[PDB]
Amino acid sequence: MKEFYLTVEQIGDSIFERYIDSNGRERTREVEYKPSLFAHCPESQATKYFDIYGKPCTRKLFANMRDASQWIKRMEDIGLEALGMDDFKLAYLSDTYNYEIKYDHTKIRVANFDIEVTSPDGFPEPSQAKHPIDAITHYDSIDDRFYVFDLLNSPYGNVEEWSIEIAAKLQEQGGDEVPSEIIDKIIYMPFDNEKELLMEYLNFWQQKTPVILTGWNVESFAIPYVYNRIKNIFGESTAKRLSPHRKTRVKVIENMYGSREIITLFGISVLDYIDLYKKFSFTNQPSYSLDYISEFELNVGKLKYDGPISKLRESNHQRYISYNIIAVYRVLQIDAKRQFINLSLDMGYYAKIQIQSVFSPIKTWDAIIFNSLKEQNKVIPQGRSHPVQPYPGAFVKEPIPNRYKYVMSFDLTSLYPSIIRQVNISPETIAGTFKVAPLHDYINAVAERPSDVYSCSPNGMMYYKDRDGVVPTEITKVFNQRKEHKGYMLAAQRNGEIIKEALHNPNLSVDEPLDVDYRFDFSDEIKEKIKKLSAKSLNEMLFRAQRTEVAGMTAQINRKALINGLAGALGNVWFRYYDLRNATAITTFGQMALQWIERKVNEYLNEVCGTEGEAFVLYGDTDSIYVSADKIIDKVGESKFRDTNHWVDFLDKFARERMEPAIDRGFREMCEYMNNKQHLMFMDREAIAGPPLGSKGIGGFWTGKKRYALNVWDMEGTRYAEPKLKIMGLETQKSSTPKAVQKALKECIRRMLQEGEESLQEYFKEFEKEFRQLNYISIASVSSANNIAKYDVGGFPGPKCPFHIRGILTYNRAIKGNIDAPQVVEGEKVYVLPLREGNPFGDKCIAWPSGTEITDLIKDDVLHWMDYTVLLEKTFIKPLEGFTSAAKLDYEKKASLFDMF
DNA sequence: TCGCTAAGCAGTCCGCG
DNA sequence: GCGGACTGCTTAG
Ligand SMILES: Nc1ccn([C@H]2C[C@H](O)[C@@H](COP(=O)(O)OP(=O)(O)OP(=O)(O)O)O2)c(=O)n1
Ligand SMILES: [Ca+2]
Ligand SMILES: [Ca+2]
Ligand SMILES: [Ca+2]
Ligand SMILES: [Ca+2]
Ligand SMILES: [Ca+2]
């Protein structure tokens with residue numbers, strides 16, 4: 001096989017590399033790598049190395065990496081550019097793996113672990129590690145085994161061995177319901193004392209040294225706790241055995257308002273799953289506890305136990321160990337679904353970076369661009385310091401707040417990467433500048449043509465047309481990979497809809513789900529067989545279709561995230577190719593594009609309708625426009641349509657056959673106007689929306705910018721079995737909105753869009769009447785909690801104290817003198833509830849850690865004093881008032897003359 | 001929360017005769 | 001009460 005790296009590190013003048021050799025074996029080596037860097041040189045000096053601007057360079061080969069680093073410093077001292085890859089491990093990877101890396105995940109040791117620490121006096125601080133580690137579960141991907149290290153004797157209690165038999169049993173049999181499919185994969189090791197547990201764990205670690213190390217909060221908790229605990233008991237040299245090169249470093253992670261410490265383990269790639277999830281999932285969650293995320297992702301119930309976690313080991317050690325094992329498995333289950341590890345490996349190996357660098361788009365693109373340029377013997381420029389300066393972004397049209405009955409949306413494909421490729425935007429393709437007219441003059445095609453030679457953006461920039469820049473070349477490669485995965489995602493989605501349709505008529509028979517590839521549209525044969533299947537087989541197929549869609553989503557959305565990240569990195573001062581001229585060339589071109597095409601669509605539709613100056617485009621944001629289709633529908637007349645699907649087909653055909661060709665013509669003219677290198681403004685129909693035929697539904701509404709709701713029948717070619725609400729920006733979409741309130745507001749919107757005013761009034765009356773019965777957690781607001789200390793003046797709110805922070809201060813007073821009570825953690829999320837006048841907490845609200853029940857110490861009082869009235873007005877009534885006012889609708893029936901009978 | 005801009009709403013403080 | 005200046009937070013893209 002082709003060899004591939006696992007990890008790479010620089011330690012002084014040595015590169016330490018763990019890799020898979022040509023026989024599939026894991027190896028380690030120390031290489032005394034001599035790096036090269038570059039200086040500009042005279043024309044007369046014949047060279048094969050040129051900087052990105054075509055200026056000649058001489059290569060300087062250093063005796064060692066420290067010499068190269070010293071040279072960089074001296075060049076700064078002199079005031080001359082030191083060119084080349086200054087991150088020597090990336091240069092090493094480039095030299096050692098000079099080909100597209102083909103990797104084999106089955107040879108990469110992926111370790112998933114979780115530790116337990118019993119702590120009487122509150123949260124066990126990983127920098128102190130003052131409490132024994134009493135359980136470790138460590139899953140190894142190569143062995144496919146869960147290794148359980150169980151401490152039976154502790155100063156906090158001696159316990160009996162954990163029983164796998166009881167663990168397997170149902171909760172209803174007194175068991176722990178450890179999933180049967182992992183029961184045979186558990187390797188249980190009880191220990192008489194902590195020292196032998198930890199020593200054996202290190203020997204195990206040495207035999208089975210993780211390459212990728214993950215779990216939940218492993219970087220912020222488990223890793224530093226294990227390191228520091230071993231350090232405290234045995235000394236530093238023993239703790240450093242967690243590194244295959246015996247090198248570790250305390251790394252201080254700084255933010256706006258403080259800092260924290262993590263432990264860097266040289267020769268290991270830590271990908272904490274909580275951070276992979278935050279980066280790659282595109283969710284914003286009210287809580288990031290593993291129980292909360294597992295419930296959300298997997299629909300598995302919360303792990304239930306009695307008493308506080310600090311007494312679980314002594315009261316129920318059996319459950320304590322079982323829950324440690326389940327915790328590790330939950331993460332593997334999330335990954336089986338989301339496939340973020342697979343994604344990280346794909347991106348890391350593509351860029352030729354340390355796998356953990358996937359968290360940094362700057363580092364990822366730096367390595368991609370470096371490798372690409374190196375292929376042509378070109379030399380990368382030195383990074384420079386730049387002051388942070390704001391720059392303009394996208395255009396967002398101000399909508400007229402209203403109901404909108406029939407709506408068709410159109411969307412530019414991968415806008416910013418397409419702009420980059422179209423205009424040819426790159427550090428080395430800058431050709432010069434032209435005199436800019438106001439943007440509106442370009443939008444209306446009245447400004448002078450920028451250039452007859454170069455490719456232009458309306459910010460005043462001109463670019464070469466003879467050859468692609470490195471940024472367009474490399475962005476195109478990832479754009480093209482994404483396209484394939486988006487295709488699989490959309491096919492799986494369409495396939496899902498076929499199964500949902502068939503589920504209306506399940507057959508009374510015993511059968512199996514079909515063995516099919518959900519990444520490809522079902523053939524007619526598969527479709528025939530589906531129509532004959534039972535509900536059991538159909539639901540199983542639906543689950544699989546949906547899992548395939550998720551896999552496609554992960555692969556495609558994060559590839560999109562990376563290429564959009566390149567556009568954004570051009571405006572980050574730490575990027576090697578930072579240039580506000582280029583960053584702004586992209587965004588300003590985007591503003592023109594959207595407003596240019598708005599004008600073109602209005603002009604086209606006014607022509608077909610035989611009108612003048614009517615606004616068909618009701619809204620736009622960045623890369624999309626929303627077109628009112630009422631007049632198109634009315635031109636044939638609603639009576640002419642057999643059903644909803646009939647007018648959806650008609651609008652689908654109108655968009656594809658009439659509007660898209662008109663949009664294309666409009667954008668080709670714009671390309672010529674800007675003299676761009678290649679026309680790549682591809683704007684396709686996105687959504688078709690409206691009320692069910694013959695209903696009183698309003699179809700859609702806008703309240704303002706980035707705030708709207710549509711009843712959608714077709715999205716990007718997916719024809720839904722049932723209409724889907726597309727709600728953007730409204731309170732139903734915000735993690736801050738109470739769970740039950742999101743749900744109620746969503747149903748109010750559904751009724752508005754699908755059924756009309758009377759249906760809405762019916763539901764509102766019932767909700768208002770019954771909501772006081774809702775569970776307190778379901779009606780609590782959520783907020784991130786920053787700067788708690790800043791606003792804390794002797795336990796009371798300081799000037800300008802935010803509402804959620806006030807609530808935390810209230811909580812803190814109420815739990816004062818309890819080392820046991822859960823503490824609110826700076827920077828994390830809290831639930832927030834309002835309190836009625838004259839309550840014993842002495843303030844108008846209380847807040848406690850999100851994803852948890854409030855402590856029993858005060859729960860009864862909180863429930864008794866909760867202000868339901870304030871809760872309802874603020875979270876439900878006020879947003880609903882916004883929705884209905886915009887839609888020109890009433891949520892309460894107004895009095896009429898009919899009331900007199 | 002270690003790892004692009006536009007823009008919405010909640011809440012504080014205080015003016016507005 | 002509402003709105004503007006301001007902080008804080010969370011969206012859409
Ligand atoms: N983090 C982000 C997100 C978006 N955008 C900009 C660039 C995008 O091109 C544009 C629209 O983003 P979308 O994700 O809505 O869709 P794209 O057009 O990028 O991709 P698709 O091909 O899915 O339409 O907004 C950005 O600069 N940075
Ligand atoms: Ca735990
Ligand atoms: Ca788009
Ligand atoms: Ca599209
Ligand atoms: Ca059937
Ligand atoms: Ca869009």
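Below, chain A is the first sequence line, B the second, and so on; all start at residue 1. These values consider heavy atoms only, across backbone and side chains, with no hydrogens, waters or symmetry-generated copies.
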Exercise for review: Ignoring the backbone of A:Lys829, work out which of C:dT10, C:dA12, B:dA7 is nearest its side chain.
Suggested key: C:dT10

Exercise for review: Using a heavy-atom cut-off of under 4.0 Å over every strand shown, decide if A:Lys878 touches base, sugar-phosphate, or nothing.
Suggested key: sugar-phosphate

**Study point:** A:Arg707 vs C:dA12: side-chain N/O to OP1/OP2 distance below 4.0 Å
**Key:** no

Check your understanding: Hey, does A:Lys790 reach any base, or is it just sugar-phosphate, or nothing, if we go heavy atoms under 4.0 Å?
Key -> sugar-phosphate

Study note, to complete from the structure: Taken to the nearest whole Å, CG/A:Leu570 to P/B:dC4 is 11 Å

Practice item. Could you tell me the separation between the NZ atom of A:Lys705 and the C1' atom of C:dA12, rounded to a whole number of Å? Key: 12 Å

Review point. In terms of side-chain heavy atoms of A:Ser784, which of B:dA10, B:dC2, B:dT1 is nearest?
Key: B:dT1

Point to revise | N/O (side chain, A:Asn255) to phosphate O (OP1/OP2, B:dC2) under 4.0 Å | key: yes

Practice item. Decide yes or no for A:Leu833 and A:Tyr776: does some side-chain heavy atom of the first lie under 4.5 Å from some side-chain heavy atom of the second? Key: yes

Exercise for review: Evaluate the side-chain proximity of A:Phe876 to A:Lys878: yes if any heavy-atom separation is below 4.5 Å, no if none is.
Suggested key: no

**Study point:** Value in whole Å for how far the P atom of B:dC2 lies from NZ of A:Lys363
**Key:** 19 Å

**Study point:** Given C:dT10, B:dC9, B:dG8, the nucleotide with the shortest approach to the side chain of A:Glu398
**Key:** B:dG8

Exercise for review: Using a heavy-atom cut-off of under 4.0 Å over every strand shown, decide if A:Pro390 touches base, sugar-phosphate, or nothing.
Suggested key: nothing

Review point. B:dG3 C1' sits how many Å from A:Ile274 CD1, rounded?
Key: 15 Å

**Study point:** Nearest listed nucleotide, side chain of A:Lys706, among B:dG3, B:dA7, C:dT10
**Key:** B:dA7

Review point. If you check every side-chain atom of A:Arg260, which of B:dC4, C:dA12, B:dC2 has the closest atom?
Key: B:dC2

Practice item. Report yes if the side chains of A:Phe123 and A:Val825 come closer than 4.5 Å at any heavy-atom pair, otherwise no. Key: no

Check your understanding: Quick one: which of B:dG3, B:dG8, C:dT11 gets closest to the side chain of A:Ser360?
Key -> B:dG3

Review point. Side chains of A:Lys844 and A:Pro834: does their closest heavy-atom pair fall under 4.5 Å?
Key: no

Review point. Would you say the base of B:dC2 and the side-chain of A:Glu219 have a donor-acceptor pair closer than 3.5 Å?
Key: yes

**Study point:** Per A:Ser735 side chain, nearest of listed nucleotides C:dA12, C:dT10, B:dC9
**Key:** C:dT10

Review point. With sugar-phosphate meaning primed atoms plus P, OP1 and OP2, does A:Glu254 contact a base, only sugar-phosphate, or nothing at under 4.0 Å between heavy atoms?
Key: sugar-phosphate

Exercise for review: Please determine, for the side chain of A:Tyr391, which listed nucleotide (B:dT5, B:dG11, C:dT7) has the closest atom?
Suggested key: B:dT5

Point to revise | Whether A:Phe359 stacks on the six-membered ring of B:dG3 base, 5.5 Å and 30° limits | key: yes

Study note, to complete from the structure: Atom OH of A:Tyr578 and atom P of B:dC4 are separated, to the nearest Å, by 11 Å

Check your understanding: Does a donor on one side chain sit under 3.5 Å from an acceptor on the other, for A:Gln339 and A:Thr554?
Key -> no

Point to revise | B:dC13: north vs south, judged on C1'-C2'-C3'-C4' | key: south

Check your understanding: If you measure only the distance, is there a donor-acceptor pair under 3.5 Å linking the side chains of A:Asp335 and A:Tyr273?
Key -> yes

Check your understanding: Does A:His804 put a side-chain nitrogen or oxygen below 4.0 Å from OP1 or OP2 of C:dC9?
Key -> yes

Check your understanding: Is any side-chain nitrogen or oxygen of A:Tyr791 closer than 4.0 Å to OP1 or OP2 of C:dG8?
Key -> yes

**Study point:** Residue from A:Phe701, A:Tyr626, A:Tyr404 passing ring pair (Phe, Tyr, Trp, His ring centres under 6.0 Å) with A:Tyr708
**Key:** A:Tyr626

Check your understanding: Does NZ or CZ of A:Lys874 come closer than 6.0 Å to the centre of the six-membered ring of A:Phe803, within 45° of the ring's axis?
Key -> yes

Check your understanding: When we call it a touch if two heavy atoms are under 4.0 Å apart, what does A:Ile262 touch: a base, just sugar-phosphate, or nothing?
Key -> base

**Study point:** Given the sign of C1'-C2'-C3'-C4', the sugar pucker at B:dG8
**Key:** north

Point to revise | Separation of atom CD1 in A:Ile877 from atom P in B:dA10, rounded to whole Å | key: 13 Å

Study note, to complete from the structure: Picking from B:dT12, C:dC9, B:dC9, the nucleotide nearest the side-chain atoms of A:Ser783 would be C:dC9

Study note, to complete from the structure: Between A:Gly827 and A:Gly393, the residue closer to the 5' end of DNA chain B by nearest nucleotide is A:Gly827

Exercise for review: Just call it for A:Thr703: base, sugar-phosphate, or nothing, with non-hydrogen atoms closer than 4.0 Å on any strand.
Suggested key: nothing

Exercise for review: For C:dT10, take OP1 and OP2 only and decide whether either is under 4.0 Å from a side-chain N or O of A:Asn284.
Suggested key: no

Review point. Is A:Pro879 touching bases, backbone alone, or none of the nucleic acid, heavy atoms closer than 4.0 Å?
Key: nothing

Point to revise | Spacing of A:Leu566 atom CG relative to B:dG3 atom P, expressed in whole Å | key: 18 Å

Check your understanding: Hey, is the side chain of A:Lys800 poking within less than 4.0 Å of OP1 or OP2 on C:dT7, counting only N and O atoms?
Key -> no

Review point. Any N or O donor-acceptor pair linking the side chain of A:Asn786 to the base of B:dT1 at under 3.5 Å?
Key: yes

Review point. Going by atom types only, do A:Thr248 and A:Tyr227 share a side-chain donor-acceptor pair under 3.5 Å?
Key: yes

Check your understanding: Distance between the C1' atoms of B:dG3 and C:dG8, in whole angstroms?
Key -> 22 Å

Revision key, fill the gap. From OH of A:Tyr257 across to P of C:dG8 the rounded distance in Å is 5 Å

Exercise for review: Tell me what A:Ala394 touches on the nucleic acid: a base, only sugar-phosphate, or nothing, going by heavy atoms under 4.0 Å.
Suggested key: sugar-phosphate

Review point. Is A:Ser736 near enough to B:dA10 that one of its side-chain N or O atoms lies under 4.0 angstrom from OP1 or OP2?
Key: no

Exercise for review: Tell me which of A:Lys874 and A:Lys734 sits closer to the 5' end of DNA chain B, going by the nucleotide each one is nearest to.
Suggested key: A:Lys734

**Study point:** Presence of A:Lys844 side-chain N/O under 4.0 Å of B:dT12 phosphate oxygens OP1/OP2
**Key:** yes

Practice item. Scan A:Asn572 against the nucleic acid and name what it touches under 4.0 Å (heavy atoms): base, sugar-phosphate only, or nothing. Key: sugar-phosphate

